[PDB]
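What's counted below: heavy atoms across the whole structure, side chains too, no hydrogens, waters or symmetry copies. Protein chains get the first letters and strands the later ones, always in sequence-line order, with residue 1 at the start of each.
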Protein chains: 2
Amino acid sequence: XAXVXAXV
Amino acid sequence: XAXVXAXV
DNA sequence: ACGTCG
DNA sequence: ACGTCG
Ligand SMILES: *C(=O)c1cnc2ccccc2n1
Ligand SMILES: *C(=O)c1cnc2ccccc2n1
Ligand SMILES: *C(=O)c1cnc2ccccc2n1
Ligand SMILES: *C(=O)c1cnc2ccccc2n1
Ligand SMILES: [K+]
Ligand SMILES: [Mn+2]
Ligand SMILES: [Mn+2]
């Protein structure tokens, strides 16, 4: 849920 | 993830 | 259940 | 020369 590299 | 030159 | 740049 | 999460 975090999106720092993916944002899922 | 680190931004030391890109910051992704 | 998700992976990234100069 | 450096790693970023709910
Ligand atoms: C987002 O909150 C979150 C938490 N755990 C994960 C595990 C695997 C893929 C994506 C996820 N996203
Ligand atoms: C994004 O591509 C990415 C990959 N690995 C991680 C590990 C821990 C926190 C955040 C991350 N983000
Ligand atoms: C950030 O933590 C991080 C780690 N590895 C990477 C590889 C390629 C592009 C960006 C990256 N960012
Ligand atoms: C920033 O543009 C950049 C390019 N190469 C690196 C190599 C190692 C650590 C940090 C770096 N930052
Ligand atoms: K982001
Ligand atoms: Mn991964
Ligand atoms: Mn690394």
Taking only the side-chain heavy atoms of A:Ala2 (C-beta and beyond), determine which of C:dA1, D:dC5, C:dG6 contains the nearest atom. D:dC5
Taking the P atom of each, how far is C:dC2 from D:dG3, in whole Å? 27 Å
From D:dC2, D:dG6, C:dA1, nucleotide with atom closest to B:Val4 side chain: D:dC2
Taking a positive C1'-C2'-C3'-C4' angle as north and a negative one as south, how is the sugar of C:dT4 classified? south
